[PDB]
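Trainee: no sequence for this one, just the structure:
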Ligand SMILES: Nc1ncnc2c1ncn2[C@@H]1O[C@H](COP(=O)(O)OP(=O)(O)NP(=O)(O)O)[C@@H](O)[C@H]1O
Ligand SMILES: Nc1ncnc2c1ncn2[C@@H]1O[C@H](COP(=O)(O)OP(=O)(O)NP(=O)(O)O)[C@@H](O)[C@H]1O
Ligand SMILES: Nc1ncnc2c1ncn2[C@@H]1O[C@H](COP(=O)(O)OP(=O)(O)O)[C@@H](O)[C@H]1O
Ligand SMILES: [Mg+2]
Ligand SMILES: [Zn+2]
Ligand SMILES: [Zn+2]
Ligand SMILES: [Zn+2]
């Protein structure tokens, strides 16, 4: 009965073109709201007796902790396919649940916004016969799209590609995709060991979270396989310190990793209402613009039009830090250099930081100065 | 049983008739007293028998559904009497001290036009909260009416088309349609954790109780840049100094100029009792020193209450707000981006007609609603 | 009636007569002695026969309700003697017997004028604690007078119009009107939990016994900026070093610059006995090396006590405080935000006239309150 009601809330939202579902308890009421074309509408008022059953069911569908009701929790629901991003939030009179429709509908690497130098290092690293490629960033930074874009360039009938994902974001023909199931025993570590017995060529791990997974992944890269994975780290230099703090010996990181990227997703200025805004040149220089390049900058910002919902932005751009494991960086790891020394050395060799990549796209007029300062830290 | 039940109920009802905000039930080694906070000042209203020390505090526990067996640890609950009270139990060395916070929605005034804003200031505040995105900061110390200003703004925005989420420490009043979160930092639910959760909750309007550090300030500023309306508070000396506070926290100057729509500063002064109101012979030179023009000085008629039954013999009844409403004008924005300090931002705001809190206090002094000592206590000279 | 019973009573009462703070009963291989700590310095007061060491120790443990059967482990307890004197008893198992330490706990000044503050330092301290918000930090090593200074500040602020709440470990003196909470960590009542409960108790003034970790420091400094007056202590060695200690713990710089009203550093130095005192011929050059200006050098008259029965033949009777009272002046705030080190902060405070502890000691030397040897013993050179 309650399962039927929850399924109706989900199936009614896809029929009514809703992008978000809001299940909200209050002291004297309990309502469900759909966001349709940016506007919330009350679409249902279930009785107050059912609010515990409806919330628990959704938390079970999202594999969340039903015993904990005081802390925020975030999960995911897949229905057939429609995928929901679940967010639980402890209010005064119960838990509020928000489900956000994920619109899956460009896997092409040449259209992701990599600068030519960055795209060169990235393509060079994934076409090596073995080694590790790490794509880092926070949630919603485009990591998975970058990984799948790399798998597209590599997917040939001549190579065996196997992935361990939690969950499988997209179904790829020719790619052997395994979905994780921890309660049964199918985690990243178990899949990696089986992959080594599967005559593999390219291995993709959804994320390196623990030393047990890093150990097998590093070993697989040194054995002669190409290993791609992700981590949640601040930048590419800090990714090295993360692996070391997990217990991986420094010489194994120096020799196994081909390449580490760090990326953030910024908004692209609306091409219809963009126009220059007056920014003192000293502000640009304080943000990392060299004094010589300063005067040549034209910082664009959308004023807000109908083609962008009066936001001034339409679309997104990528700010990439593509750091190859250059020999200078390898020696620094072997000498136990800290994150600061590794970042400075990478900048000396021409590896642009995410801040510098953002200033480049600001120079090209495709993003605003506030976006650069919002998603990147200073160097 | 009944003598204590009657006494405890009398403690709760006399607080309502005196219009007190809080009740303090405090045991000591050789005494026992009850204090009401009336218009921000505590007063001794009762010295009950010390034999009833444990009986009185235990009765309120039962009303608050708290643990009578535990008397060594702090406890917190709520009471509804057929008027709501928030209860806080503190274990001192001579018994449990109980504090009760009166929460009457009926007494709360939420219409923005009845909060005491001057019409030009009210226009800029309303314009700021009805913009689709940006940040609005209401500054002042705790107990300066900031939450009422925020609740008034949220009530003006509480439509079924928007999702409003608040993070409060604690939640003073609850409103239908508004998703409110009470902070519980002992278990990890601080302002930052609730802010990052709000960003995954598909928000439209976000209210934060106070911005206390760089981490929360960064999430708040950047949420105001990504299409959300952000309402929050800080404790600063005035509206112009709120700019320097954010910069010192670590926020980039360009993001402050881009994200903030408006900053207000406010203080709560006590309102002179209308019945015992009498003219006070404040020397003209004292008024000129406070900021009154010398040509206006002799015309000023300062008032103060002599004390009567209607005002609990305090001379005051109610509160008035001294407001400074500073919109993020383009002139002020250009000052921020050129590294201007607090003094030159304050001069620029006064140049453009933005009244300071001292000027707002002196206006209320001229109208006879507040006293000369209240103006000097809560405001500084310009 | 028994010999040892009378002897133990003599040791306990003689300490009260001599104004001792601590009693040390120490057995060694070939000797046995009793030492009193008088004005912070230990003196041998008795040499009882070593044969009696087990009877004296056993007798004290009976009065302290300690276990006489156990002689290999440390034990702790209390003793109350009848007008009452309390003793905190600590037993320690040395190689040649059990050592016993007794700590006298006597309430028997409250007045700030009798503690040793110079008029300028007193003015800065009084205006800082009378502000409606901010943090006041009293720093110094153990036994430097921090609790007395805070109790003295609370006494000047103890009004019926304000709510004062303290978290102490332990509570050392009971004040009517002040809500004092004693820490009990084993049940979860620590400084952090008590401070969080105070914030739900409608506070005005909060006193935290000591800041011993970053978690408590952040809560306390943020509560002060929210709009409360907060008093606490740290174990640092001067006022400028307290600034960097807070920063090194992880407190954000804007919090230190904007939320701290004032920081004090202090040491206790012994006073020359008024009965004993005689002038001491200190070479004028030696005074100059200690930090006295050349103009003032020849005018100094330094005194030293020869020793009399009234001062226990030490030349010193009582103690006085050397205070460095540093208000958070605007010049100092700019240094916190610009990353200055302790030496820069110290040089700048001296430039603005903030007297160091050494200079305060030299002031007491000129006035004949303390001796030249005491200034060099308890203060470092600048
Ligand atoms: N280069 C890009 N430019 C613009 N948008 C992008 C880009 N790459 C990905 N996106 C968008 O990012 C969204 C999904 O981001 P995603 O790659 O899932 O983040 P993520 O890093 O995988 N988060 P998580 O899986 O929780 O670690 C998609 O809807 C894409 O439209
Ligand atoms: N200004 C003063 N002049 C003379 N004597 C003082 C002064 N201040 C305190 N004392 C005495 O010296 C002793 C100092 O103890 P107290 O003030 O508790 O030190 P404290 O800093 O609290 N030590 P601790 O709590 O262990 O860090 C007390 O017994 C006071 O009676
Ligand atoms: N403009 C006003 N006029 C009269 N009373 C007010 C006004 N603003 C606030 N108050 C009262 O003062 C009390 C304290 O205000 P509140 O906003 O809760 O404190 P803070 O400013 O610390 O958030 C409230 O309970 C409210 O009833
Ligand atoms: Mg102490
Ligand atoms: Zn547009
Ligand atoms: Zn009256
Ligand atoms: Zn003497």
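Mentor: Cool, got the structure. Numbers count the residues shown, from 1 in each chain, chains lettered A, B, ... in the order given. Ligands and ions are numbered 1, 2, ... in the order given.
Trainee: quick one: residues contacting the closest residue to residue A:264 other than its chain neighbours.
Mentor: Of all residues not flanking residue A:264 in the chain, residue A:375 sits nearest, at 4.2 Å (C-beta to C-beta, 6 or more residues apart in numbering or on different chains). The way it works is simple: take the backbone N, C-alpha and C, and place the C-beta from them, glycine included. Contacts for residue A:375 (C-beta atoms under 8 Å, 6 or more residues apart in numbering or on different chains) come out as A:264, A:265, A:266, A:319, A:354, A:358.
Trainee: can you spell out which helices and strands pack onto the host helix or strand of residue A:89?
Mentor: Following DSSP states H and E, one finds residue A:89 within strand A:82-91. Under the contact criterion of 3 or more C-beta pairs under 8 Å, 6 or more residues apart in numbering or on different chains; DSSP states H and E, strand A:82-91 touches helix A:2-15, strand A:20-25, helix A:51-61, strand A:73-79, strand A:94-102, strand B:178-182, helix B:191-198.
Trainee: do the fourth one and ligand 1 meet at all?
Mentor: No. Where contact is defined by C-beta under 6 Å from any ligand atom, no part of strand A:73-79 touches ligand 1; the two come within 8.9 Å at best.
Trainee: partners of that strand in the sheet?
Mentor: The strands that strand A:73-79 pairs with in its sheet are strand A:82-91 (antiparallel) (by DSSP bridges).
Trainee: mind listing what's buried along the partner strand?
Mentor: Under the neighbour-count criterion of 16 or more other C-beta atoms under 10 Å in any protein chain shown, strand A:82-91 has A:82, A:83, A:84, A:85, A:86, A:87, A:88, A:89, A:90, A:91 buried.
Trainee: burial count for the nearest residue to the fourth one once chain neighbours are set aside?
Mentor: Leaving out its chain neighbours, the residue that sits closest to residue A:85 by C-beta to C-beta, 6+ apart is residue A:100, at 4.3 Å. Residue A:100 has 17 neighbouring residues, counting by other C-beta atoms under 10 Å in any protein chain shown.
Trainee: ok, so what distance separates residue A:100 from residue A:76?
Mentor: As judged by C-beta to C-beta, to the nearest Å, residue A:100 and residue A:76 stand 10 Å apart.
Trainee: now for the residue nearest to residue A:60 when sequence neighbours are not counted, how many residues are close by?
Mentor: Spatial nearest neighbour of residue A:60, excluding adjacent residues (C-beta to C-beta, 6+ apart): residue A:66 at 6.3 Å. By the measure other C-beta under 10 Å, the count of residues near residue A:66 is 13.
Trainee: my read: residue A:66 touches residue A:57, true?
Mentor: No. The pair residue A:66 / residue A:57 is not scored as a contact, 9.3 Å apart, by C-beta atoms under 8 Å.
Trainee: quick one, phi psi at residue A:378?
Mentor: Backbone geometry at residue A:378, expressed as degrees, to the nearest 10, gives phi -80, psi 160.
Trainee: burial count for the closest residue to ligand 3 within the stretch 1-150 of chain A?
Mentor: Per C-beta to the nearest ligand atom, residue A:92 is where the stretch 1-150 of chain A lies closest to ligand 3, at 16.8 Å. Look at residue A:92: counted by other C-beta under 10 Å, it has 17 neighbours.
Trainee: any idea how far it lies from residue A:156?
Mentor: For residue A:92 relative to residue A:156 (C-beta to C-beta), the value is 57 Å.
Trainee: what do you get for residue A:165?
Mentor: 20 Å.
Trainee: in terms of neighbours, single out the busier of the two.
Mentor: Using other C-beta under 10 Å, the more surrounded residue of residue A:165 and residue A:156 is residue A:165, with 20 against 11.
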